[PDB]
Amino acid sequence: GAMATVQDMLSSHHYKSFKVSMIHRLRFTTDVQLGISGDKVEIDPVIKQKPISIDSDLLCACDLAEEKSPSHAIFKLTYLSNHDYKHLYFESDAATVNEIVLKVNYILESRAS
Amino acid sequence: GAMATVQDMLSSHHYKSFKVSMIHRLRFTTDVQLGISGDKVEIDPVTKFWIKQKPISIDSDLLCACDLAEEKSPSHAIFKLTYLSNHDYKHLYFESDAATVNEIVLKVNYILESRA
């Protein structure tokens, strides 16, 4: 019904941050805070260590890339940056990863009317 | 010794599969079975927003090179396979223990060397 749909929209678009590790190369990762809302995705350190800030309208996709075990999953976020697709990869435990992938797709899917 | 090394040359083109990690975008690994014989090289991966891994089949006559990329410990080594696919060179990276890796690299290069 209308209450449940509104509540799910609030809940998927509210800002929420997640402690994940960003993967620069095979086994070279840094710990980050990944902040996601309906308006922006931000990546801040807890190789480039300048914060990253992406307008949510420049996001393209967010997919699960590998789930190893309940405690190790990797996902890939794709966005536009000065006219090219870039990919960021992060890993965390599998429940966290699945929550993040669903939240980002729920925001991509909400753009249509 | 010499006769085991000659047995390995004799059997170099026979089918053998290895359980190794394929490295994706120089960032993470997934587990594959890498089947190698003188006929071809196959990579077969061993959940609604899931990046699908398609099986890869390469005719051995499109292989170009197989090179140890680095050896970290006895426990981690990485090799690179290069091949021609629709007119471009493609490169795949795999890692496993050093013993497995050295065995694959030798086997693939015996296969490339036997062209004649």
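Taken in sequence, the protein lines are chains B and A. Counting with the entry's author numbering, you get residues 369 to 414, 425 to 491 for the letters of the first sequence. Counting with the entry's author numbering, you get residues 369 to 414, 421 to 490 for the letters of the second sequence. The beta-carbon is built from N, C-alpha and C at its ideal position, and this holds for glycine as well.
Pairing CB atoms from the stretch 370-389 of chain A with CB atoms from the stretch 461-478 of chain B, are three or more of them under 8 Å? The stretch 370-389 of chain A, when compared against the stretch 461-478 of chain B, does not touch it at the 8 Å Cβ threshold.
Excluding the 5 residues flanking B:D412 on each side, which residues of the same chain have their C-beta closer than 6 Å to its C-beta? For this step, residue 412 of chain B is matched to residue 44 along the first sequence. Excluding residues within five positions, the ones whose Cβ falls inside 6 Å are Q401 and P429.
Whether A:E469 touches A:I425 by CB criterion (8 Å): One-based indexing of the second sequence puts residue 469 of chain A at position 95. One-based indexing of the second sequence puts residue 425 of chain A at position 51. No, Cβ-Cβ distance for A:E469 and A:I425 is not below 8 Å.
Quick one: does B:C440 have its CB under 8 Å from some CB of chain A? Stepping through the first sequence from its first residue, residue 440 of chain B is reached at position 62. Taking Cβ atoms only, chain A reaches closer than 8 Å to B:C440, which makes this a yes.
Could you check which residue in A:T398, A:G403 and A:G369 has the C-alpha nearest to that of A:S431? Residue 431 of chain A sits at position 57 when you count from the first residue of the second sequence. The shortest Cα separation from A:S431 among A:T398, A:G403 and A:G369 belongs to A:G403.
Chain-ordered neighbours of A:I391 on chain B, where CB pairs are closer than 9 Å: The residue labelled residue 391 of chain A in the question sits at position 23 within the second sequence. Per Cβ cutoff of 9 Å: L394.
Contacting positions in the stretch 396-407 of chain A - beta carbon closer than 8 Å to chain B: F396, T397 and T398
Quick one: which chain A residues come within Cβ less than 8 Å of B:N460? On the first sequence, position 82 is the one that residue 460 of chain B refers to. Neighbours of B:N460 on chain A: none; closest Cβ ~20 Å, over 8 Å.
Rank A:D471, A:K464 and A:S459 by C-alpha distance to the C-alpha of A:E445 and give the top, closest one. Indexing the second sequence from 1 puts residue 445 of chain A at position 71. Among A:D471, A:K464 and A:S459, the Cα nearest to that of A:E445 is on A:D471.
Sorted by chain position, which residues of the same chain lie with C-beta nearer than 6 Å to B:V409's C-beta, five sequence neighbours on each side aside? One-based indexing of the first sequence puts residue 409 of chain B at position 41. Once the five neighbours on either side are set aside, the close Cβ partners of B:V409 are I432.
So which residues on chain A does B:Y463 lean against when the C-beta distance must stay under 9 Å? Looking up residue 463 of chain B in the first sequence gives position 85. Neighbours of B:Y463 on chain A: none; closest Cβ ~13 Å, over 9 Å.
Cβ of A:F453 less than 8 Å from any chain B Cβ? Walking along the second sequence from the start, residue 453 of chain A turns up at place 79. No, no contact with chain B.
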